[PDB]
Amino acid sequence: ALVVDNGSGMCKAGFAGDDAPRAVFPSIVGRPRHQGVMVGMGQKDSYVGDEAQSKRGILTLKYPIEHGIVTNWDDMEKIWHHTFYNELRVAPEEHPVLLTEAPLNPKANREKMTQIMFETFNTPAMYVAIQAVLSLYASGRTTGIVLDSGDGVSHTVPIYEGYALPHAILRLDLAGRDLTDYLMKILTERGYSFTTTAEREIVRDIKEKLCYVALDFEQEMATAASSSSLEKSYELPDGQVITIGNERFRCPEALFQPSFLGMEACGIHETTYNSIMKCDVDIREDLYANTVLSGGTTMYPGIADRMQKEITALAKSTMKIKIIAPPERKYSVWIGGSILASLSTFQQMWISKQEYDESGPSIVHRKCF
């Protein structure tokens, strides 16, 4: 069995029953920059994956998936061919394929994804699961609320005995690169200029290696204005080291206070409680004690701690707020599926080529839910 988890930026694919993805490469397609392009390409019209990452020079890189929704189906087909044939070196005829999707995906897209697998690649069987839901299953649970913060968009997804609650799914337009953007904006406001994609990837690294969430903001703000225990140095490649202090945490405060980015939307802490409230009064209790972190932007140290503190001040007195953050929540969406596709109980749950060839791609809203 195969597992493919597509992302707004990074793609991870691999065999089911496996520990981890064998294939993790960027979800990008590169085409020449412009002008007298030639020199660079040979007889190719585009590049795919980590060769498109290495030739960023004359390539204008584009993502088929934007905010977790497939916006480019042709490049989506390109990426999928690249995966089976080039990256995974396997024939999609010889394998069933579990694919993933974002919360609040259109039915239209669910169907094209369906049809592409069956007509183009000719897969024996296939299934499509909501990514948030696949993250809960990895945590060893079937019920809970999953906070999913990826690269483009954030999602809080209440889940009830295996099925995501559409009425209660809340969505926030702030994630990964908004923080990268933000860090860039303030590290620049303070000196060094960061404007190019080559220098942008080092702000990603200043971020991921040196950023954290404070439990109490106004305190850590003042700790830093008071002493320098919060400072840390970072070595750039040219050898000039720079020092951030209050920016280590002013960056992820965006998650908790979107106004720092001039947003009128509420933080990830309320976006999780608010969701639970539109859920059933008989599951809120198990929701609160099963909030699960998923995605790369939840990897900040102290984000679980801050969350609990926030969602206890929002919740009623008597509930226990347990916030679970798996150590591998970068590949969890995959892992949760890798385990699902392997469960003997799941084999009857696929979608047969027959069933498709009889009913068309439409059978996927009923077979998958």
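Numbering starts at 1 and runs along the sequence shown.
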Per the PDB entry, mean CA B-factor is higher for 216 to 224 or 118 to 126, namely for 118 to 126
Do the CA atoms of 239 to 247 or those of 99 to 107 have the higher mean B-factor in the entry? 239 to 247
Sort 257, 275, 86, 142 by C-alpha B-factor from the entry and give me just the highest. 86
Go through 152, 296, 252, 162 one by one and give the residue whose Cα B-factor in the PDB entry is largest. 162
CA B-factor placement of residue 79, once the chain's modelled residues are sorted into thirds: middle
Here the Cα B-factor of residue 47, set against its chain, lands in the third termed highest
How does residue 68 rank on Cα B-factor within its chain, lowest, middle or highest third? middle
So where's residue 31 on the chain's Cα temperature factor ranking, which third? highest
By the recorded C-alpha temperature factor, relative to the other modelled residues in its chain, which third is residue 56 in? highest
